[PDB]
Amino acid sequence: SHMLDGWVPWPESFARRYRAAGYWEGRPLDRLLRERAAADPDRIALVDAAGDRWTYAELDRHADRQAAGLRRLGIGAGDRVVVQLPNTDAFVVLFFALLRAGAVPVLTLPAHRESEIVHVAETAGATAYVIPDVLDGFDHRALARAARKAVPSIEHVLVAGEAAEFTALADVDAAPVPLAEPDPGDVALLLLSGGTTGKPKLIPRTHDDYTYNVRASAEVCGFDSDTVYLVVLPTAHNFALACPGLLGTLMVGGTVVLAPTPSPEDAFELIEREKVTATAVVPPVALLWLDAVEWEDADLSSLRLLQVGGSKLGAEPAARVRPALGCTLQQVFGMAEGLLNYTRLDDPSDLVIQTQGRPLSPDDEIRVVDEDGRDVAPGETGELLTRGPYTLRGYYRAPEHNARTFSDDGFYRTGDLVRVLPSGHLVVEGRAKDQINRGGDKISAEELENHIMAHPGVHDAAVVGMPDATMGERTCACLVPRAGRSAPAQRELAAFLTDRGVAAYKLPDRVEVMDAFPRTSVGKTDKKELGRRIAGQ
């Protein structure tokens, strides 16, 4: 018996192995903060961009007071709560307060707009939605009004700022009350997957498997109480939350520093001010920092570890990390769905430069298969399938996609093309899945294509990735015009999609109009040949 339905537990034989192995320790996720605050109450746990500062005892107490405040509002025991917050202390407090209240955080990104928020809110049956007031020029309270209109289950809107007619997040506060602990085998939080279908899919992560993800990652990356970690990616990104991210830093007793943006302006200042020792970035930001040290004066010497992942970092800039930034590079090839691959900190530089790591867990199982599902020969390229103690067995409330995406014996089809080296390290070679990787931001083609086809001048749309030297891929929208109507150009389509509620990183970089798409012999749109036509071949 589980608190939520709609997810796929591990078979009992696997659960037993993972507990017997010490991977699944049987502790709720919020207990990482409870135990650290008990052992190191007066250590500095959290620093925000302004310079404000909180000890472990202070953070633990505020999480209890906000958890009691959430319960007074009726948020708790299994309720799903959509969280959309910037890199501020409000996110860290509320994350633990929701866990202690028994609520299941549904983590979204600040860039997400009405179509993503409404979909995840109604899929999760969320009862509350947590937003900033105004963030980067956008008023999220209008979005909460639109979300509540489309999703009647949303009873409460909690606002980090001026709350308007809603509830101020700072007012969610009451005297701590004894709260029951969740079952560690239950879902702890729901992550948003980059997606390969028409709708974003939610990833359930349990207390046991997410704690192991965090704990094992902190060991591999050498996180301990000396670690000062700069959160450069959104706090809701799996990389910055758990790999080892801020949760790993808190679990071991280090200091979390919240960066408002990844710009050298904000990040380099915080690295010098707080003596940051570790951070994680996507490759486009790595390239920016590697350039920017040539004209920025910040003292970055305290930096010891730069994690780079989300897309493949080139071997040439990888080799520049030590001379330019004075720290160790760690390549990270991971996914919200589970499997994490890390280069080890003392790997020879050859493997740090040329590979995307080897799996985190001894019980991470990998297969590399050809187009027929058969295992490839050693060192051949094929699609990565994986199964392990923190990889999901199914998405949340997505039975049809689960039937397509997981093998009969529980292997998750990643859609990534890789080859495995004799040492066990992986090299990422490409992608099979119909999803564009734009600077670490994942764009489901079919989701974007369906939005574009809602435009009155568009009959059919095919979204195709184009190579980009610094961004990895950019997005080309190939359009068949509506009969007797003109298709829109790039700027009009961007405005249409933005008004529709599509996140800005999904807006096509380029529009190409054509009378028909090339098709295969089954009749599916041939995007390999669309790429050729886009390039004038």
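Heads up: residue numbers just count along the shown sequence, starting at 1.
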How about residue 513: is it missing from at least a third of the other entries compared?
no
Looking at the other compared entries that model both neighbours, is residue 21 missing coordinates in at least a third of them?
no
According to the deposited model, is the average Cα temperature factor higher in 175 to 183 or in 96 to 104?
175 to 183
Averaging C-alpha B-factors over each stretch, which comes out higher, 451 to 459 or 207 to 215?
451 to 459
Out of 283, 78, 359, 317, residue topping the C-alpha B-factor column of the entry:
78
Given 153, 330, 238, 391, the residue at which the Cα B factor reaches its maximum:
153
Can you tell me which third, lowest, middle or highest, the CA B-factor of residue 24 falls into for its chain?
lowest
Split the chain's modelled residues into thirds by Cα B-factor; is residue 62 in the lowest, middle or highest one?
highest
In terms of the CA temperature factor given in the entry, to which third of its chain does residue 47 belong: lowest, middle or highest?
lowest
Residue 114: which third of its chain by C-alpha temperature factor?
middle
Split into thirds by Cα B-factor across the chain's modelled residues, where does residue 279 land: lowest, middle or highest?
lowest
